[PDB]
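*Asks:* A single structure is presented below for examination.
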Amino acid sequence: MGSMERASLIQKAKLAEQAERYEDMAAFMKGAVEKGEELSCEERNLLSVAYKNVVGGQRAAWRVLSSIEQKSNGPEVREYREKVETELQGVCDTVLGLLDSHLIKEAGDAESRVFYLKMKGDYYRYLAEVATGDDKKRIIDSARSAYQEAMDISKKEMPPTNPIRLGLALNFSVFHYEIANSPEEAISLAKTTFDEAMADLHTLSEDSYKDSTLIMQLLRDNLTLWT
Amino acid sequence: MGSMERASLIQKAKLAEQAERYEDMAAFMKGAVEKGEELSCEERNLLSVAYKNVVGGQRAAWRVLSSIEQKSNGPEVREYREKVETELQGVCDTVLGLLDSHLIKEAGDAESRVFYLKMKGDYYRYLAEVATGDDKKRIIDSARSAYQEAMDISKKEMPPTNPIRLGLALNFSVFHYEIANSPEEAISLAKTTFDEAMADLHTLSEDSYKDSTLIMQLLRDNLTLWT
Amino acid sequence: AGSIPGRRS
Amino acid sequence: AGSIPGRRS
Ligand SMILES: *Cc1ccc(S(=O)(=O)n2c(Cl)nc3ccc(OC)cc32)cc1
Ligand SMILES: *Cc1ccc(S(=O)(=O)n2c(Cl)nc3ccc(OC)cc32)cc1
Ligand SMILES: [Ca+2]
Ligand SMILES: [Ca+2]
Ligand SMILES: [Cl-]
Ligand SMILES: [Cl-]
Ligand SMILES: [Cl-]
Ligand SMILES: [Cl-]
């Protein structure tokens, strides 16, 4: 996308979202990141939405194929699960590469730095979901380390109702439950996050209250499923 | 897909459908057609489902973008609508090329020949939806001619409840209403098709009755919207 | 209006 | 269970 203006890439990413063309959306936002300038709050959200939709479709397909393969246990099911898995890994490596070149290193404000470190944790988590063996171990630690740095910054720099702080805690709890085999850590983190946010709701406007309570309900939904 | 076995391409197209990976599904079925052998009834349905899903997503995106562009009337909305439109045209040209090389010419039974000629009409119709001017005229005539040959064969060779015959009549009626500016022809065709199918339902098994009445309900739904 | 959905098989 | 959907914005 080197010959397209930054502002045109951002405009086309918004059009692609409206058209439900998420692969295009991700390609436009990759092009915008590769312009080298930092991203605004809205632009970070466009980047994240685009790639979450692309990898979300790949993960759903991988789970369908993995379930068929496990039931079967010719080469075709394994071959096709492997093709989807390689494509998914490639998308995760692309996102991680954007974060490493050079979004995280240039992110100084807590809102941008926590946002990017949460993304780093999420995309290592999606790598971990398909990883097998000792490879899994280093990938799992990379996810954990990114989430933990984001948690440490968020607890020092953001109020307990901040939606990025809340979504980070939600996703790190899912990491604990689903990836790290630490359901008790997942439940503790979700409960503490929910309770600390509850106690800070009185400080918020009506619109901020709606944003924070929406994510708190996701924490409660997981706690209900886990307990 | 030249190095993959025909049977493996068909197996992977079925897996891709389960995984909702329709672009992959279409690529596998293109590879299977290019093996050069005729397609069975099930294989024809896989080909058609794959491409209908791919072009259906492109058409939906084109309509979103076309609506934004018409409301706006920088270059970005037009440029991006044009990109989607070119991609859609490319998929339609690919399907038409498979039908012309060499599915239709080798299709001798009425069920295969009508199926492929209906597809030819449908993909010219999708070209017509985005075409502008005198180009539109020749594309519209190509759709009409394919549908008409399919209609002529279906009326001679298939009972009025045959699901391919019914779906062909449904889609040709939509062509009349939406493309050819012939709403009265659309309504007449839908009513006559429905009534002739109704009169032949007594000949069918329970399972064939369910298949035919499902499509008859689509004809009735259009008649309700059109009258 | 509506053509055959044709998106499942 | 469920992570942040994160698929609309
Ligand atoms: C990881 C995560 C994703 C989305 C959200 S949110 O509340 O739905 N959200 C979006 Cl989609 N964009 C946002 C910008 C800023 C905030 O809070 C400052 C939230 C937000 C939260 C977490
Ligand atoms: C154009 C068209 C698409 C689908 C149908 S159907 O009844 O839903 N159908 C499918 Cl998806 N596959 C089929 C094979 C054979 C028949 O009837 C012989 C119908 C059918 C009809 C028309
Ligand atoms: Ca510039
Ligand atoms: Ca062979
Ligand atoms: Cl494969
Ligand atoms: Cl900075
Ligand atoms: Cl473009
Ligand atoms: Cl033949």
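Following the order of the structure tokens, chains are lettered A, B, ..., residues in each are numbered from 1, and ligands are numbered from 1.
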List as a PyMOL selection string the protein and nucleic acid residues lying within 7 Å of ligand 7, with only C-alpha atoms and all ligand atoms counted.

*Replies:* (chain A and resi 12) or (chain B and resi 76+79-80+83)

*Asks:* Kindly export the residues of the current selection with C-alpha atoms, as a PDB file, in the first residue's frame.

*Replies:*
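Okay, again_39.pdb is ready:
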```pdb
ATOM      1  CA  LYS A  12     -10.809   2.864   3.005  1.00  0.00           C
TER       2      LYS A  12
ATOM      3  CA  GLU B  76     -11.614   6.954  -2.200  1.00  0.00           C
ATOM      4  CA  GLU B  79     -11.857   3.804  -6.018  1.00  0.00           C
ATOM      5  CA  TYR B  80     -12.783   1.190  -3.448  1.00  0.00           C
ATOM      6  CA  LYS B  83     -11.808  -2.409  -6.659  1.00  0.00           C
TER       7      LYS B  83
END
```

*Asks:* May I have the residues within 10 Å of ligand 2, computed using only C-alpha atoms and all ligand atoms, as a PDB file with N, CA, C and O atoms, in the first residue's frame?

*Replies:*
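What follows is the written file pocket29.pdb:
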```pdb
ATOM      1  N   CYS B  41     -24.027 -34.878  -9.887  1.00  0.00           N
ATOM      2  CA  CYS B  41     -25.002 -33.966  -9.344  1.00  0.00           C
ATOM      3  C   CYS B  41     -24.467 -33.308  -8.060  1.00  0.00           C
ATOM      4  O   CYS B  41     -24.531 -32.077  -7.899  1.00  0.00           O
ATOM      5  N   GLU B  42     -23.915 -34.106  -7.154  1.00  0.00           N
ATOM      6  CA  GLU B  42     -23.377 -33.545  -5.912  1.00  0.00           C
ATOM      7  C   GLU B  42     -22.220 -32.581  -6.155  1.00  0.00           C
ATOM      8  O   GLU B  42     -22.135 -31.535  -5.500  1.00  0.00           O
ATOM      9  N   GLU B  43     -21.349 -32.946  -7.102  1.00  0.00           N
ATOM     10  CA  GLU B  43     -20.200 -32.084  -7.424  1.00  0.00           C
ATOM     11  C   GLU B  43     -20.660 -30.759  -8.058  1.00  0.00           C
ATOM     12  O   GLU B  43     -20.100 -29.688  -7.741  1.00  0.00           O
ATOM     13  N   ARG B  44     -21.682 -30.801  -8.937  1.00  0.00           N
ATOM     14  CA  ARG B  44     -22.223 -29.554  -9.490  1.00  0.00           C
ATOM     15  C   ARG B  44     -22.743 -28.662  -8.372  1.00  0.00           C
ATOM     16  O   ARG B  44     -22.531 -27.445  -8.387  1.00  0.00           O
ATOM     17  N   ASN B  45     -23.423 -29.243  -7.378  1.00  0.00           N
ATOM     18  CA  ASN B  45     -23.935 -28.441  -6.279  1.00  0.00           C
ATOM     19  C   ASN B  45     -22.793 -27.847  -5.482  1.00  0.00           C
ATOM     20  O   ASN B  45     -22.869 -26.683  -5.080  1.00  0.00           O
ATOM     21  N   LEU B  46     -21.693 -28.593  -5.263  1.00  0.00           N
ATOM     22  CA  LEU B  46     -20.555 -28.003  -4.554  1.00  0.00           C
ATOM     23  C   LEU B  46     -19.977 -26.818  -5.303  1.00  0.00           C
ATOM     24  O   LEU B  46     -19.647 -25.782  -4.685  1.00  0.00           O
ATOM     25  N   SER B  48     -21.527 -24.842  -7.403  1.00  0.00           N
ATOM     26  CA  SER B  48     -22.456 -23.720  -7.360  1.00  0.00           C
ATOM     27  C   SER B  48     -22.498 -23.080  -5.977  1.00  0.00           C
ATOM     28  O   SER B  48     -22.474 -21.849  -5.871  1.00  0.00           O
ATOM     29  N   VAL B  49     -22.548 -23.871  -4.914  1.00  0.00           N
ATOM     30  CA  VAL B  49     -22.575 -23.290  -3.570  1.00  0.00           C
ATOM     31  C   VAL B  49     -21.320 -22.462  -3.318  1.00  0.00           C
ATOM     32  O   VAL B  49     -21.371 -21.406  -2.662  1.00  0.00           O
ATOM     33  N   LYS B  52     -21.479 -19.197  -5.287  1.00  0.00           N
ATOM     34  CA  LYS B  52     -22.582 -18.328  -4.886  1.00  0.00           C
ATOM     35  C   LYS B  52     -22.248 -17.613  -3.602  1.00  0.00           C
ATOM     36  O   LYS B  52     -22.601 -16.446  -3.419  1.00  0.00           O
ATOM     37  N   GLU B 111     -30.557 -32.648 -16.717  1.00  0.00           N
ATOM     38  CA  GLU B 111     -30.272 -32.124 -15.391  1.00  0.00           C
ATOM     39  C   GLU B 111     -28.941 -31.386 -15.353  1.00  0.00           C
ATOM     40  O   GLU B 111     -28.848 -30.323 -14.734  1.00  0.00           O
ATOM     41  N   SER B 112     -27.935 -31.875 -16.069  1.00  0.00           N
ATOM     42  CA  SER B 112     -26.667 -31.156 -16.035  1.00  0.00           C
ATOM     43  C   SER B 112     -26.724 -29.930 -16.925  1.00  0.00           C
ATOM     44  O   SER B 112     -26.261 -28.865 -16.521  1.00  0.00           O
ATOM     45  N   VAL B 114     -29.308 -28.035 -18.022  1.00  0.00           N
ATOM     46  CA  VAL B 114     -30.107 -26.967 -17.410  1.00  0.00           C
ATOM     47  C   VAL B 114     -29.382 -26.349 -16.231  1.00  0.00           C
ATOM     48  O   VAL B 114     -29.384 -25.125 -16.081  1.00  0.00           O
ATOM     49  N   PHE B 115     -28.745 -27.177 -15.380  1.00  0.00           N
ATOM     50  CA  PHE B 115     -28.029 -26.624 -14.230  1.00  0.00           C
ATOM     51  C   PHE B 115     -26.957 -25.631 -14.679  1.00  0.00           C
ATOM     52  O   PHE B 115     -26.848 -24.519 -14.133  1.00  0.00           O
ATOM     53  N   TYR B 116     -26.165 -25.997 -15.685  1.00  0.00           N
ATOM     54  CA  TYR B 116     -25.062 -25.135 -16.097  1.00  0.00           C
ATOM     55  C   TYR B 116     -25.565 -23.900 -16.821  1.00  0.00           C
ATOM     56  O   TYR B 116     -24.968 -22.815 -16.682  1.00  0.00           O
ATOM     57  N   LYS B 118     -28.454 -22.392 -16.270  1.00  0.00           N
ATOM     58  CA  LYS B 118     -28.943 -21.521 -15.210  1.00  0.00           C
ATOM     59  C   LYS B 118     -27.776 -20.793 -14.557  1.00  0.00           C
ATOM     60  O   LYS B 118     -27.861 -19.591 -14.313  1.00  0.00           O
ATOM     61  N   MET B 119     -26.670 -21.506 -14.264  1.00  0.00           N
ATOM     62  CA  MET B 119     -25.503 -20.807 -13.709  1.00  0.00           C
ATOM     63  C   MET B 119     -25.012 -19.713 -14.665  1.00  0.00           C
ATOM     64  O   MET B 119     -24.666 -18.618 -14.206  1.00  0.00           O
ATOM     65  N   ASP B 122     -27.172 -16.772 -14.293  1.00  0.00           N
ATOM     66  CA  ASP B 122     -26.967 -16.112 -13.004  1.00  0.00           C
ATOM     67  C   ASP B 122     -25.695 -15.264 -13.016  1.00  0.00           C
ATOM     68  O   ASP B 122     -25.694 -14.118 -12.530  1.00  0.00           O
ATOM     69  N   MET B 158     -38.182 -31.902 -18.049  1.00  0.00           N
ATOM     70  CA  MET B 158     -38.304 -32.080 -16.613  1.00  0.00           C
ATOM     71  C   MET B 158     -39.737 -31.834 -16.193  1.00  0.00           C
ATOM     72  O   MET B 158     -40.427 -31.017 -16.793  1.00  0.00           O
ATOM     73  N   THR B 161     -42.329 -29.792 -11.142  1.00  0.00           N
ATOM     74  CA  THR B 161     -41.873 -29.701  -9.766  1.00  0.00           C
ATOM     75  C   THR B 161     -40.374 -29.920  -9.616  1.00  0.00           C
ATOM     76  O   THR B 161     -39.873 -29.869  -8.499  1.00  0.00           O
ATOM     77  N   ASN B 162     -39.645 -30.200 -10.695  1.00  0.00           N
ATOM     78  CA  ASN B 162     -38.215 -30.492 -10.539  1.00  0.00           C
ATOM     79  C   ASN B 162     -37.528 -29.281  -9.887  1.00  0.00           C
ATOM     80  O   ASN B 162     -37.710 -28.146 -10.357  1.00  0.00           O
ATOM     81  N   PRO B 163     -36.765 -29.456  -8.804  1.00  0.00           N
ATOM     82  CA  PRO B 163     -36.187 -28.303  -8.114  1.00  0.00           C
ATOM     83  C   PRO B 163     -35.265 -27.446  -8.978  1.00  0.00           C
ATOM     84  O   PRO B 163     -35.227 -26.221  -8.776  1.00  0.00           O
ATOM     85  N   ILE B 164     -34.532 -28.047  -9.927  1.00  0.00           N
ATOM     86  CA  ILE B 164     -33.704 -27.232 -10.815  1.00  0.00           C
ATOM     87  C   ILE B 164     -34.582 -26.388 -11.724  1.00  0.00           C
ATOM     88  O   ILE B 164     -34.341 -25.202 -11.920  1.00  0.00           O
ATOM     89  N   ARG B 165     -35.609 -26.994 -12.298  1.00  0.00           N
ATOM     90  CA  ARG B 165     -36.576 -26.254 -13.113  1.00  0.00           C
ATOM     91  C   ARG B 165     -37.212 -25.117 -12.324  1.00  0.00           C
ATOM     92  O   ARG B 165     -37.285 -23.981 -12.815  1.00  0.00           O
ATOM     93  N   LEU B 166     -37.586 -25.372 -11.067  1.00  0.00           N
ATOM     94  CA  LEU B 166     -38.181 -24.347 -10.228  1.00  0.00           C
ATOM     95  C   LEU B 166     -37.224 -23.223  -9.922  1.00  0.00           C
ATOM     96  O   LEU B 166     -37.608 -22.037  -9.952  1.00  0.00           O
ATOM     97  N   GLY B 167     -35.978 -23.554  -9.558  1.00  0.00           N
ATOM     98  CA  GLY B 167     -35.012 -22.516  -9.210  1.00  0.00           C
ATOM     99  C   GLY B 167     -34.614 -21.699 -10.421  1.00  0.00           C
ATOM    100  O   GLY B 167     -34.391 -20.482 -10.309  1.00  0.00           O
ATOM    101  N   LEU B 168     -34.527 -22.352 -11.579  1.00  0.00           N
ATOM    102  CA  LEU B 168     -34.299 -21.618 -12.832  1.00  0.00           C
ATOM    103  C   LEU B 168     -35.407 -20.609 -13.085  1.00  0.00           C
ATOM    104  O   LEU B 168     -35.134 -19.443 -13.379  1.00  0.00           O
ATOM    105  N   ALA B 169     -36.663 -21.036 -12.962  1.00  0.00           N
ATOM    106  CA  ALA B 169     -37.785 -20.114 -13.176  1.00  0.00           C
ATOM    107  C   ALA B 169     -37.788 -18.994 -12.164  1.00  0.00           C
ATOM    108  O   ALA B 169     -37.997 -17.822 -12.521  1.00  0.00           O
ATOM    109  N   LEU B 170     -37.504 -19.315 -10.904  1.00  0.00           N
ATOM    110  CA  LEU B 170     -37.393 -18.270  -9.886  1.00  0.00           C
ATOM    111  C   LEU B 170     -36.354 -17.234 -10.279  1.00  0.00           C
ATOM    112  O   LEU B 170     -36.622 -16.022 -10.271  1.00  0.00           O
ATOM    113  N   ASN B 171     -35.143 -17.687 -10.613  1.00  0.00           N
ATOM    114  CA  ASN B 171     -34.060 -16.751 -10.915  1.00  0.00           C
ATOM    115  C   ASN B 171     -34.322 -15.983 -12.208  1.00  0.00           C
ATOM    116  O   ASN B 171     -33.974 -14.801 -12.313  1.00  0.00           O
ATOM    117  N   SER B 208     -39.503 -35.487  -1.882  1.00  0.00           N
ATOM    118  CA  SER B 208     -39.545 -34.626  -3.069  1.00  0.00           C
ATOM    119  C   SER B 208     -40.542 -33.485  -2.885  1.00  0.00           C
ATOM    120  O   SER B 208     -40.279 -32.354  -3.308  1.00  0.00           O
ATOM    121  N   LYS B 210     -41.221 -31.969  -0.091  1.00  0.00           N
ATOM    122  CA  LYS B 210     -40.580 -30.945   0.729  1.00  0.00           C
ATOM    123  C   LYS B 210     -39.617 -30.105  -0.113  1.00  0.00           C
ATOM    124  O   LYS B 210     -39.607 -28.870  -0.006  1.00  0.00           O
ATOM    125  N   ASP B 211     -38.843 -30.756  -0.986  1.00  0.00           N
ATOM    126  CA  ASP B 211     -37.888 -30.008  -1.805  1.00  0.00           C
ATOM    127  C   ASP B 211     -38.623 -29.032  -2.718  1.00  0.00           C
ATOM    128  O   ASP B 211     -38.210 -27.881  -2.878  1.00  0.00           O
ATOM    129  N   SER B 212     -39.687 -29.496  -3.371  1.00  0.00           N
ATOM    130  CA  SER B 212     -40.373 -28.633  -4.338  1.00  0.00           C
ATOM    131  C   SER B 212     -41.148 -27.511  -3.659  1.00  0.00           C
ATOM    132  O   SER B 212     -41.114 -26.362  -4.116  1.00  0.00           O
ATOM    133  N   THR B 213     -41.850 -27.812  -2.556  1.00  0.00           N
ATOM    134  CA  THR B 213     -42.631 -26.781  -1.884  1.00  0.00           C
ATOM    135  C   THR B 213     -41.737 -25.713  -1.279  1.00  0.00           C
ATOM    136  O   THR B 213     -42.163 -24.558  -1.202  1.00  0.00           O
ATOM    137  N   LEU B 214     -40.501 -26.056  -0.908  1.00  0.00           N
ATOM    138  CA  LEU B 214     -39.610 -25.015  -0.388  1.00  0.00           C
ATOM    139  C   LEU B 214     -39.374 -23.924  -1.432  1.00  0.00           C
ATOM    140  O   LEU B 214     -39.396 -22.728  -1.115  1.00  0.00           O
ATOM    141  N   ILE B 215     -39.129 -24.318  -2.673  1.00  0.00           N
ATOM    142  CA  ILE B 215     -38.849 -23.333  -3.722  1.00  0.00           C
ATOM    143  C   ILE B 215     -40.125 -22.648  -4.144  1.00  0.00           C
ATOM    144  O   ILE B 215     -40.119 -21.458  -4.480  1.00  0.00           O
TER     145      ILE B 215
ATOM    146  N   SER C   3     -33.630 -14.348  -5.211  1.00  0.00           N
ATOM    147  CA  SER C   3     -33.241 -15.499  -6.006  1.00  0.00           C
ATOM    148  C   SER C   3     -33.028 -16.701  -5.101  1.00  0.00           C
ATOM    149  O   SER C   3     -33.123 -16.607  -3.860  1.00  0.00           O
ATOM    150  N   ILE C   4     -32.743 -17.854  -5.681  1.00  0.00           N
ATOM    151  CA  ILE C   4     -32.505 -19.013  -4.846  1.00  0.00           C
ATOM    152  C   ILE C   4     -31.241 -18.739  -3.995  1.00  0.00           C
ATOM    153  O   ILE C   4     -30.218 -18.314  -4.512  1.00  0.00           O
ATOM    154  N   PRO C   5     -31.340 -18.910  -2.670  1.00  0.00           N
ATOM    155  CA  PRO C   5     -30.170 -18.610  -1.821  1.00  0.00           C
ATOM    156  C   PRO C   5     -28.935 -19.375  -2.264  1.00  0.00           C
ATOM    157  O   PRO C   5     -27.875 -18.770  -2.511  1.00  0.00           O
ATOM    158  N   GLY C   6     -29.058 -20.694  -2.396  1.00  0.00           N
ATOM    159  CA  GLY C   6     -28.044 -21.483  -3.062  1.00  0.00           C
ATOM    160  C   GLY C   6     -26.708 -21.485  -2.362  1.00  0.00           C
ATOM    161  O   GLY C   6     -25.682 -21.739  -3.002  1.00  0.00           O
ATOM    162  N   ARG C   7     -26.687 -21.203  -1.060  1.00  0.00           N
ATOM    163  CA  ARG C   7     -25.431 -21.021  -0.345  1.00  0.00           C
ATOM    164  C   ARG C   7     -25.128 -22.151   0.638  1.00  0.00           C
ATOM    165  O   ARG C   7     -24.150 -22.056   1.385  1.00  0.00           O
ATOM    166  N   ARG C   8     -25.916 -23.231   0.630  1.00  0.00           N
ATOM    167  CA  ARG C   8     -25.691 -24.382   1.503  1.00  0.00           C
ATOM    168  C   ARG C   8     -25.904 -25.660   0.694  1.00  0.00           C
ATOM    169  O   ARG C   8     -26.972 -25.833   0.102  1.00  0.00           O
ATOM    170  N   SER C   9     -24.875 -26.529   0.637  1.00  0.00           N
ATOM    171  CA  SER C   9     -24.918 -27.874   0.032  1.00  0.00           C
ATOM    172  C   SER C   9     -23.559 -28.555  -0.099  1.00  0.00           C
ATOM    173  O   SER C   9     -23.202 -29.389   0.744  1.00  0.00           O
TER     174      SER C   9
END
```

*Asks:* Could you work out which residues of chain B fall inside 6 Å of chain A? Count only C-alpha atoms, and format the result as a VMD selection string.

*Replies:* chain B and resid 19 61 64

*Asks:* May I have the selected residues written with C-alpha atoms, as a PDB file, in the first residue's frame?

*Replies:*
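Contents of part-v9.pdb, as written:
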```
ATOM      1  CA  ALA B  19     -15.486 -24.559   7.869  1.00  0.00           C
ATOM      2  CA  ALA B  61     -20.089  -5.293  -0.304  1.00  0.00           C
ATOM      3  CA  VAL B  64     -22.891  -1.057   0.540  1.00  0.00           C
TER       4      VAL B  64
END
```

*Asks:* Write out as JSON, numbers by chain the set of residues from region 42-226 of chain A that DSSP, computed on the backbone, places in alpha helix (DSSP H).

*Replies:* {"A": [42, 43, 44, 45, 46, 47, 48, 49, 50, 51, 52, 53, 54, 55, 56, 57, 58, 59, 60, 61, 62, 63, 64, 65, 66, 67, 68, 69, 70, 71, 72, 76, 77, 78, 79, 80, 81, 82, 83, 84, 85, 86, 87, 88, 89, 90, 91, 92, 93, 94, 95, 96, 97, 98, 104, 105, 106, 110, 111, 112, 113, 114, 115, 116, 117, 118, 119, 120, 121, 122, 123, 124, 125, 126, 127, 128, 129, 130, 134, 135, 136, 137, 138, 139, 140, 141, 142, 143, 144, 145, 146, 147, 148, 149, 150, 151, 152, 153, 154, 155, 156, 157, 163, 164, 165, 166, 167, 168, 169, 170, 171, 172, 173, 174, 183, 184, 185, 186, 187, 188, 189, 190, 191, 192, 193, 194, 195, 196, 197, 198, 206, 207, 208, 209, 210, 211, 212, 213, 214, 215, 216, 217, 218, 219, 220, 221, 222, 223, 224, 225, 226]}

*Asks:* Give me the residues within 9 Å of residue 2 (chain D) as a list in words, counting only C-alpha atoms and dropping any in the same chain fewer than 4 places off.

*Replies:*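 Using only C-alpha atoms, the neighbours found are residues 170, 171, 174, 218, 219, 221 and 222 of chain A.
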
*Asks:* Pick out the residues sitting within 12 Å of residue 180 (chain B), and hand them over as a list in words; count only C-alpha atoms, and ignore anything fewer than 2 positions along from it in its own chain.

*Replies:* residues 125, 128, 129, 136, 137, 138, 139, 140, 141, 142, 143, 144, 172, 173, 174, 175, 176, 177, 178, 182, 183, 184, 185 and 186 of chain B

*Asks:* Distance CA of residue 156 (chain B)-CA of residue 199 (chain B), one decimal place?

*Replies:*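 Spanning CA of residue 156 (chain B) to CA of residue 199 (chain B) is a straight-line distance of 16.9 Å.
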